[PDB]
Amino acid sequence: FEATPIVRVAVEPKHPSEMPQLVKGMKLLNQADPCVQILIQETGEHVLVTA
Amino acid sequence: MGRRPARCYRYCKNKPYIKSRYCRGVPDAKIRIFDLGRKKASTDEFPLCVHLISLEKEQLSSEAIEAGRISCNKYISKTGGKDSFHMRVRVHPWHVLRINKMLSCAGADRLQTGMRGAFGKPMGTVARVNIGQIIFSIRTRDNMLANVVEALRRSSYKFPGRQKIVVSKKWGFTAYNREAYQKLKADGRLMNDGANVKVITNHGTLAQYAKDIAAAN
Amino acid sequence: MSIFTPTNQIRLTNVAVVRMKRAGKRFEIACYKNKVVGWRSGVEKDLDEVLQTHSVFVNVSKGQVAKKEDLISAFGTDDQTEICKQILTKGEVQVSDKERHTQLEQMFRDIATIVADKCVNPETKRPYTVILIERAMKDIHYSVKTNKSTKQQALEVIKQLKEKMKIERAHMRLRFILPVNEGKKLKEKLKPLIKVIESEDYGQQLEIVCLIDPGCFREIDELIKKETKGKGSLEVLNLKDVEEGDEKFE
Amino acid sequence: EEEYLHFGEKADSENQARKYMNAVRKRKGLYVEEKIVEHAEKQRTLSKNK
RNA sequence: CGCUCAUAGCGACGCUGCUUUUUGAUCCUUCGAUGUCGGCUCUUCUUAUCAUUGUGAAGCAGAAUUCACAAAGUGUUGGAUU
RNA sequence: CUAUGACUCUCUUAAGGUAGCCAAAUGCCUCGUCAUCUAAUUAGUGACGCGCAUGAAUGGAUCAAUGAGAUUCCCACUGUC
RNA sequence: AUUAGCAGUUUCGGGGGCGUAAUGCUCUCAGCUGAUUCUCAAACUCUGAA
């Protein structure tokens, strides 16, 4: 389940060296909390999405 | 001039300079506009005129004048509208102010800051007015008096010193009083001019005349 | 004697000094530090605002006012306002520290921006982000230089960033048309040395090649060609932001 | 701003509506802002009335 | 502007003052010689009051902040660098 | 576009700064930019260098020893607490 | 030096409404002309001061 308006947000690295960690983390989240655009993109490198 | 404080010039002194082939280096006047409201208004509809006068003899800065006009042009709208105010201001700024600059100095001096070659360069355009000389002037309908006096009042704050407000006894931008204005209509001597009245008068500048009554009529 | 009855003093300026050496003669002027920049940024605020004084000096630090002969000779005119204006436009300008910093800041942004134009492409909808690069630059530490151009600086510093590590930029297709005889020769040398794609040798229909560069390394790919065979039949140049047909490289 | 001075609301500008469309383009984005090339420019070389 | 709402708090263009703690302008005083800049020391005074005493406003609920009166009674620091 | 300028045009006067070196006892801006040293450094040192105005016996760069020379930090030092 | 509208023009300037569109009229706005209006111009002054 994604939202009907397709609500997006610009998730960014706080530190540049933490970028990889951030990337990893989204994937991890995906299993626990359902649905994020970490791969297969319509807008940007990665964006968090919800219902 | 907004650089200086205008204390510097609010006393009418020094014989008066001008723009010319002699004073070329002037800035441009602040007010280049003397047109507030409905200029295309007939003389036979706005029978009131109010005036604002400088109580004191003094200079009257261009900037100040400009400021004043938007106490009678914001306040044009909230009260009445464009169909009440007709303003020609009734003073301009021909006179100029010089500035012998010593701003150069902020730590030391070159000595040219001193009074050698003292004479200042043009900087600040300004008006000169006696006590009678009129400074604002709204020709208007006679259902608008307190809603135009308060424009004038507002303006007065933005002039140096003392400023008197008044209402005349005429149809405004005319010599002739309200008593002698009705004559014109009655005697068939009213001649319209979209703003002014020419007022038909018999005279002789010819050889044998009779068109001097039959011209404008 | 000095010690007894005033021991005397020296005095320092706090006004910008715009200087230009014309005909081996230094002319200078009296302006302020945070106006002289603003003039050149298209903030026309009266010339009389930017000038503290309208005169020209041989040295405005001490206060030696400049000479008519010197002026006319060096400018082709003795009128001073115009000369002052010219000086303001042309000559070196002293600035404050804050002002200086602003320029540096701007440069910093610029060098990130130039990197962002063409970035890493998994598809063609990923990074192209200025911010990350900037952050990286900040966190690696390198001297940002006003004498150095922005592009050059970027080129210099991307290498450094590479071994952080962080992969950056994407290549494009600068396309060519070689001759029949020399094209083959070129191919023989350019295949293992650099990346070459869409190669199709023919006897009648010439040879097409596509040398791989980002635009910022187009001297190295062409030099070899020049050495070997000279210029091609046609030489295609594309923009340094996108490759005309969407980037897919790196 | 001349147009605005005639006055019939403020639109096709910075607005209440542009709050929603201010900079939502960039969630990092496809590009820095917008990269596009065109060959519709130059009306004389194309020889068009369109 | 402060959602709204001119003056809670600010305040445009504009206008009037005070101050002598800035720097110029001036050259009256001194070139029969007022020892020039800072720091230490030490008192005194001014208030244009940062704190505290007492008061009143606030977009002052509490918290903290902001604004103002009386008031100069008591405080008003330790260091790097220069 | 290069950092820079080998280069090509051109002018001035014969040439137009090579090796090196550097905010130097030489950098106005200037408390330059970066790193370090310090809780904090207009100071110090090491980097950067279109250098207001470095540079080769007007000697350039290096440097052991030497120094009632000049500066920084640390340790012994605490009434120079 | 410089403010305002007015009128008379438009085979001369421009764009609209009126038969497609104009300068054919009528408009705001250019130019020119006529009568009126604002401030009069130390180096302007028909007049002219003790």
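Procedures and definitions
- Residues numbered from 1 in each chain as written, not as in the entry; some residues may be left out.
- Chains lettered and ligands numbered in written order.
- Part of a larger assembly, values for the part shown.
- Heavy atoms only, no water.
- UniProt positions renumbered as here; feature names shortened; annotations may be inferred.
- Near = heavy atom within 4 Å.
- Polar contact = N/O pair within 3.5 Å; in protein donor to acceptor, adjacent residues only side chain to side chain.
- Nonpolar A, V, L, I, M, F, W, Y, C, P; charged D, E, K, R; others polar.
- Domains from an automatic or database assignment.
- Contact = heavy atoms within 4.5 Å.
- Buried area = accessible area lost by both parts, 1.4 Å probe.
- Salt bridge = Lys/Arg side-chain N within 4 Å of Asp/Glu carboxyl O.
- Helix = DSSP H or I, 4+ residues; strand = E, 2+ residues; numbered from the N terminus.

As annotated in the PDB entry, chain D carries the name ELONGATION FACTOR TU GTP-BINDING DOMAIN-CONTAINING PROTEIN 1 and is attributed to Homo sapiens.

Chain B has the name 60S RIBOSOMAL PROTEIN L10 in the PDB entry, where Dictyostelium discoideum is given as its organism. Within the UniProt record for chain B, the comment given under Subunit is "Component of the small ribosomal subunit. Mature ribosomes consist of a small (40S) and a large (60S) subunit. The 40S subunit contains about 33 different proteins and 1 molecule of RNA (18S). The 60S subunit contains about 49 different proteins and 3 molecules of RNA (25S, 5.8S and 5S) (By similarity)." Per UniProt, chain B carries the Sequence similarities text "Belongs to the universal ribosomal protein uL16 family."

Below, the discussion takes up the protein's contact with RNA strand G. All names here are of chain B. By nearness alone, 19 residues border RNA strand G, and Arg 88, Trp 94, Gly 194, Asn 196 and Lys 198 come closest of all. Interatomic distance of 3.1 Å between a side-chain N/O atom of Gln 133 and a phosphate oxygen of RNA strand G. Between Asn 196 and RNA strand G, the recorded distance is 2.9 Å, taken from a side-chain N or O atom to a sugar or linking oxygen. Its residues placed into classes, the surface near RNA strand G shows six nonpolar, four polar and nine charged.

Moving on to the domain arrangement of chain B. Residue and element names in this part refer to chain B. Under the domain assignment used here, chain B contains domain 1 (1-174) and domain 2 (175-217). Taking only C-alpha atoms, the centre of domain 1 and the centre of domain 2 are 34 Å apart. The partner domain 2 presents 13 residues to the 13 residues of domain 1 that form the contact. Summed over both sides, the interface between domain 1 and domain 2 buries roughly 1,200 Å², with carbon and sulfur atoms accounting for 38% of that surface. Two residues, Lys 185 and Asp 44, come together in a salt bridge whose shortest N-O distance is 3.6 Å. Taken together, the residues of the side of domain 1 that touches domain 2 sort by class into four nonpolar, three polar and six charged.

Further remarks concern the arrangement of the chains. For the non-touching pair chain A and chain B, the nearest C-alpha separation works out to 45 Å. With no contact between them, chain B and chain D keep their nearest C-alpha atoms 15 Å apart.

Turning our attention to the protein's contact with RNA strand E. Surveying the vicinity of RNA strand E reveals 26 residues, the closest of which are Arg 10, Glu 63, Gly 107 and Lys 158 of chain B together with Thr 5 of chain C. Each atom of RNA strand E within 4 Å of the protein was assigned to sugar, phosphate or base; sugar and phosphate come to 71%. In this structure, a phosphate oxygen belonging to RNA strand E sits 3.1 Å away from a side-chain N or O atom of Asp 109 of chain B. One of the side-chain nitrogen or oxygen atoms of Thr 113 of chain B is found 3.2 Å away from a phosphate oxygen of RNA strand E. With three residues, the single largest contributor to the surface near RNA strand E is helix 1 (residues 62-69) of chain B. Looking at the surface near RNA strand E residue by residue, the classes come out as 14 nonpolar, seven polar and five charged.

This part is about the interface of chain A and chain D. You'll often see interface size given as the accessible area lost when the parts meet. Between chain A and chain D, the residue contacts involve 12 residues of the former and six residues of the latter. Carbon and sulfur atoms supply 59% of the area buried between chain A and chain D, which totals about 620 Å² over both sides. Viewed at the interface, chain D and chain A are joined by one salt bridge. Note that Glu 45 of chain A is salt-bridged to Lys 28 of chain D, the shortest N-O span being 2.7 Å. Seen at the junction of chain A and chain D, the total is one residue pair in polar contact.

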